[PDB]
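S.K.: What follows is a structure written as structure tokens; I'll ask about it next.
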Amino acid sequence: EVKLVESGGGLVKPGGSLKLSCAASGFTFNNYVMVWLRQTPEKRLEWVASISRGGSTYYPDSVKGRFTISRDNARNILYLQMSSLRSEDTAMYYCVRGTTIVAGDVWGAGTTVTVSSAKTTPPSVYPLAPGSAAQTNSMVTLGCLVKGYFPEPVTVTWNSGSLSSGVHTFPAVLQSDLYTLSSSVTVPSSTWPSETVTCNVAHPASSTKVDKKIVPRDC
Amino acid sequence: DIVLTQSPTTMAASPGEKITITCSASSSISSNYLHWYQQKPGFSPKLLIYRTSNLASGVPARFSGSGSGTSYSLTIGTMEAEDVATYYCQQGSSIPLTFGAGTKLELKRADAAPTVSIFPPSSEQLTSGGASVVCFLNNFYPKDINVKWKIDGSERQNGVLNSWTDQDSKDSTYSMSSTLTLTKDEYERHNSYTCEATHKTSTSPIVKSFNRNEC
Ligand SMILES: CCCCCc1cc(O)c2c(c1)OC(C)(C)[C@@H]1CCC(C)=C[C@@H]21
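Those protein sequence lines, which keep their order, are chains H and L. Okay, so the first sequence: first residue is 1 according to PDB author numbering, each after it adds one. Okay, so the second sequence: first residue is 1 according to PDB author numbering, each after it adds one.
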């Protein structure tokens, strides 16, 4: 279990500054080149910075002058100090251990950085029930529409985690500085409304959690 | 600076099928500094192949790699479901270090028609002053699909936003969500709302509708 754990990522304004940390364990940190990479929302991978065992740093022109990689060989921690941030710095940041042939053999789970002027906003959570006139058979599909939140992420579970099969939770889409996603669940027709169905939506950045029970639409 | 051009961009393979993907560099690069990473959806990339042809830790033997110069390839001897992922090549013989844009591998399976469902605006949302109509198109194959909205039987294009899931790990299908958003006032100037899915699994569209004044 060599391990790398990134922390510190979050929402910051354009022009802001932010420091990421990477805690290394299970190997001798002082004997390795260590590296930050990032993955853009478009799923593109980009080299951000390297730092030799001896503290020599290297950067692509994209962040040169703005980011500073540093290391503490004594607590086994790697840092990325970000400043002069732009929206294009928005990405998931990876801490990576480098080899002598310039491969990355150990990667962290990543920490997410969002650079935006949009304000933190809790989601409105609306139920999706079939129209009052909908017709039956076998399976029903229900839903939760989770709308107008910022920033990513939210997490949705159904029935505090009990219902998990037959779930599709769709990636969020952004419009005019707000996010919307929906989630669908499919359960046996007799199973509803008999078996209560509730979606649970948690929004970390807002200290928001809400639950919405999906009630049949009625005259 | 080295540009790495991967192809194809996206590839679908039958179980058991032999698969080859390619990485093409803008100038000759050293093969000891050419590596491949595999990234499964919702996970970090992982080192897959190092130094052109060396399999990394844990990597099954059906994988291999080769090349030199401006031209490198990764081969999977027999496609397995667990191999569904995006593959990236990366060069480290020149600064700045650079990556290919990735090749996405998907699994082939039997055609399956979407299950389609439409949902009216909730009262909660109308109170706030807005109206979202949602259509789910679930568990279909292949991934190409087209959705058309109509209001009062006329085609409607603005205010629509679509989202797609990644290929499903359990059944290898795809799913889609389509949300048409209106103001409460506009929503209240019309009665009939429809979503139609066109997919190769049928010769007519799947059509789901509702009426603003229904019971
Ligand atoms: C995912 C790719 C990870 C690559 C890790 C990696 C490994 C590595 O050995 C180096 C890396 C990057 O960056 C450069 C800037 C080439 C450093 C020059 C100085 C020294 C001692 C090593 C270089």
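Heads up, the beta-carbon is just placed ideally off N, CA and C, and yes, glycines get one too.
#1: What does the alpha-carbon distance come out to for the pair H/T198 and H/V167?
#2: Can you list, in chain order, the residues of its chain with a C-beta nearer than 6 angstroms to that of L/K208? Leave out the 5 residues immediately preceding and following it.
#3: Can we count H/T141 as close to ligand 1, meaning its CB is less than 7 angstroms from some heavy atom?
#4: In whole angstroms, give me the CA-to-CA distance for L/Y50 and L/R212.
#5: Mapping the DSSP letters down to three states, classify H/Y59 as helix, strand or coil.
#6: From the DSSP output, in three-state form, read off L/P142 for me.
#7: Could you spell out where the beta strand (DSSP E) holding H/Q175 opens and where it closes?
#8: Mapping DSSP to helix, strand and coil, what is H/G161?
#9: Which residue wins for smallest C-alpha separation from L/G92, given the options L/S192, L/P8, L/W36, L/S178?
#10: Using a Cβ-Cβ distance cut-off of 8 angstroms, determine whether L/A101 contacts chain H.
#11: Is L/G92 close to ligand 1? I mean its beta-carbon at under 7 angstroms from any heavy atom of the ligand.
#12: The beta strand (DSSP E) with H/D105 in it runs from where to where?
#13: Is residue 216 of chain L buried or exposed, if buried means 16 or more other CB atoms sit within 10 Å of its CB?
#14: Smallest Cα separation from H/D72: which of H/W107, H/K119, H/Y32?
#15: Counting Cβ pairs, one atom from each stretch, are 3 or more of them under 8 angstroms apart for the region 61 to 79 of chain H and the region 19 to 29 of chain L?
#16: Looking at C-alpha atoms only, which residue of H/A91, H/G16, H/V2, H/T191 is the closest neighbour of H/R44?
#17: Once the 5 residues before and after L/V59 are set aside, which same chain residues still bring their CB inside 7 angstroms of it?
#18: I'd like the span of the alpha helix (DSSP H) that includes H/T136, first residue to last.
#19: Less than 7 angstroms separating the Cβ of L/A25 from some heavy atom of ligand 1?
#20: What are the boundary residues of the beta strand (DSSP E) that includes L/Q91?
#21: Quick check: the region 116 to 124 of chain H against the region 96 to 105 of chain H, are at least 3 beta-carbon pairs closer than 8 angstroms?
#22: Write down every uninterrupted run of the beta strand (DSSP E) in the region 137 to 214 of chain L whose length is 3 residues or greater and which is fully enclosed by it, in chain order.
#23: Any residues whose CB sits closer than 5 angstroms to a heavy atom of ligand 1? List them in chain order?
#24: Per DSSP, what kind of secondary structure is H/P123 in: helix, strand or coil?
#25: Can you find a C-beta in chain H that's less than 8 angstroms from the C-beta of L/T86?
#26: Flag this pair as touching only if the region 188 to 207 of chain H and the region 142 to 158 of chain H have three or more C-beta atom pairs under 8 angstroms; answer yes or no.
#27: Is H/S21 helix, strand or coil when you go by DSSP?
#28: Tell me, please, whether the region 76 to 91 of chain L touches the region 28 to 44 of chain L by the rule of three or more beta-carbon pairs shorter than 8 angstroms.
#29: With a threshold of 8 angstroms between beta-carbons, can L/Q157 be considered close to chain H, or not?
#30: Please name the residue or residues paired with L/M79 in a DSSP beta bridge.
#31: Give a yes or no on whether 8 angstroms exceeds the smallest Cβ distance from H/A133 to chain L.
#32: Does L/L97 come out as helix, strand or coil in the three-state DSSP assignment?
#33: With a threshold of 16 other CB atoms inside 10 Å of the CB of L/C215, please say whether the residue is buried or exposed.
#34: When you check each C-beta in the region 21 to 47 of chain L against every C-beta of chain H, which residues fall closer than 7 angstroms?
#35: Would you kindly report the start and end of the unbroken beta strand (DSSP E) that includes H/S70?
M.R.: Well, looking at it:
#1: 13 angstroms
#2: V116, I118, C195
#3: no
#4: 60 angstroms
#5: coil
#6: coil
#7: 173 to 175
#8: helix
#9: L/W36
#10: yes
#11: yes
#12: 104 to 107
#13: Outside the shown range of chain L, which is 1 to 215, sits residue 216 of chain L, and nothing can be said about it.
#14: H/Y32
#15: no
#16: H/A91
#17: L48
#18: Unbroken run through H/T136: none, as it is neither H nor E.
#19: no
#20: 85 to 91
#21: no
#22: 146 to 151, 154 to 156, 160 to 164, 174 to 183, 192 to 198, 206 to 211
#23: H/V33, H/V35, H/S50, H/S52, H/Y58, H/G98, H/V102, H/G104
#24: coil
#25: yes
#26: yes
#27: strand
#28: yes
#29: no
#30: DSSP, once it has assigned bridges, lists no residue as partnering L/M79.
#31: yes
#32: coil
#33: exposed
#34: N32, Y33, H35, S44, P45, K46, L47
#35: 68 to 72
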